[PDB]
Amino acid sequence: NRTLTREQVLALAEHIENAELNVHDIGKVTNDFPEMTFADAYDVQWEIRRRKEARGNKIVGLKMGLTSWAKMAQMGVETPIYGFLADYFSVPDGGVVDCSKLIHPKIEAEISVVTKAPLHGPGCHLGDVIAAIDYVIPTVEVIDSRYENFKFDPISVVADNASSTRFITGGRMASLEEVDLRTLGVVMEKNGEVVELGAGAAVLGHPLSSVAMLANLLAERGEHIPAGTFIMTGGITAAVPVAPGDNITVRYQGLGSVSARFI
């Protein structure tokens, strides 16, 4: 399942994290370790998590990447990917993101869930997830691949924590009974203009499925989704570059809006 030595995992994690911490893009790691499997990549990502926990960061949630059947097929993968969210990733609705701490950030409109019951795989699917949802909450992610490379590389991206870097919760919380996630419309505005549109169904056909896929992915490593877990279910719209001076508002049908100022 794995081709990296443990020393390589540790060194890769340090190297990839350092790119984030030092705001310094690096070559995608699969160029130097072309044999890396997803298990290697997750070993690396999880070691990054450890490095963050070790210096006292709290891990406050999980995020999903590649939550598009089309994109999965394009990238030659059969499942989404996930990454973790550190406490300092969090930005208040309307808050400021300091781009000088970021490399080449993009924002995406997502819907997050907080669970109220444990979920696990393998074999988790939508039906298992429904009963476990406490509420949903509009969330914009700021993603920022630490790689200098143009073309998306799933295994490198995983090693780089699915490009996670900031997330902004906002809008209004709602129970599942109050929202239809498949038809929940989102409008992303940047500097006063509509730049992207999407509906919840853009996430796998049903954003809650993202949670189940997460459960099954975590099961591959003998982990699950504890109750109370905050999960960003995936990009509803295309990701949009942001730069200093940009202001963005993402409007969620019936859920208010999430905004952020970039400096």
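Rigid core here is just the name for the largest C-alpha set that superposes within 1.5 Å across the two forms. Residue positions are given as counts along the sequence shown, with the first one as 1.
S.K.: Relative to the presented form, and with the rigid core used for superposition, do the C-alpha atoms of 66-74 or of 43-51 deviate more in 5 other deposited structures of this protein?
M.R.: More C-alpha displacement in 5 other deposited structures of this protein shows up in 66-74.
S.K.: Core fit done; bigger CA RMS in 5 other deposited structures of this protein for 144-152 or for 99-107?
M.R.: Higher average C-alpha offset in 5 other deposited structures of this protein goes to 144-152.
S.K.: Going by the B-factors listed in the PDB entry, is the mean over the C-alpha atoms higher for 177-185 or for 154-162?
M.R.: Taking the mean B-factor of the alpha carbons in each, 177-185 is higher.
S.K.: Tell me which stretch has the larger mean Cα B-factor in this entry, 71-79 or 95-103.
M.R.: Going by the record's values, the stretch with the higher mean is 71-79.
S.K.: Highest Cα temperature factor in the entry, among the options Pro226, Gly27, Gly235, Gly61: which one is it?
M.R.: Reading the PDB entry, the winner on C-alpha B-factor is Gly235.
S.K.: For the C-alpha B-factor as written in the entry, point me to the maximum among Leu197, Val203, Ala39, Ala215.
M.R.: The listed residue with the largest C-alpha B-factor is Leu197.
S.K.: Would you check the entry's CA temperature factor for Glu220 and let me know if it's in the chain's lowest, middle or highest third?
M.R.: Tercile = highest for this residue's CA B-factor.
S.K.: Of the three thirds of its chain by CA temperature factor, lowest, middle or highest, which one includes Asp32?
M.R.: Middle third, going by the recorded CA B-factors of the chain.
S.K.: For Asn22, return the chain-relative third of its C-alpha B-factor as stated in the PDB record: lowest, middle or highest.
M.R.: It belongs to the lowest third of the chain when residues are ordered by C-alpha B-factor.
S.K.: Using only modelled residues of the chain, where does the Cα B factor of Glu141 rank: lowest third, middle third or highest third?
M.R.: As the PDB entry reports it, the C-alpha B-factor of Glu141 lands in the middle third of its chain.
S.K.: Where does the C-alpha B-factor of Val129 rank in its chain, lowest, middle or highest third?
M.R.: Within its chain, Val129 is a highest-third residue by C-alpha B-factor, going by the deposited values.
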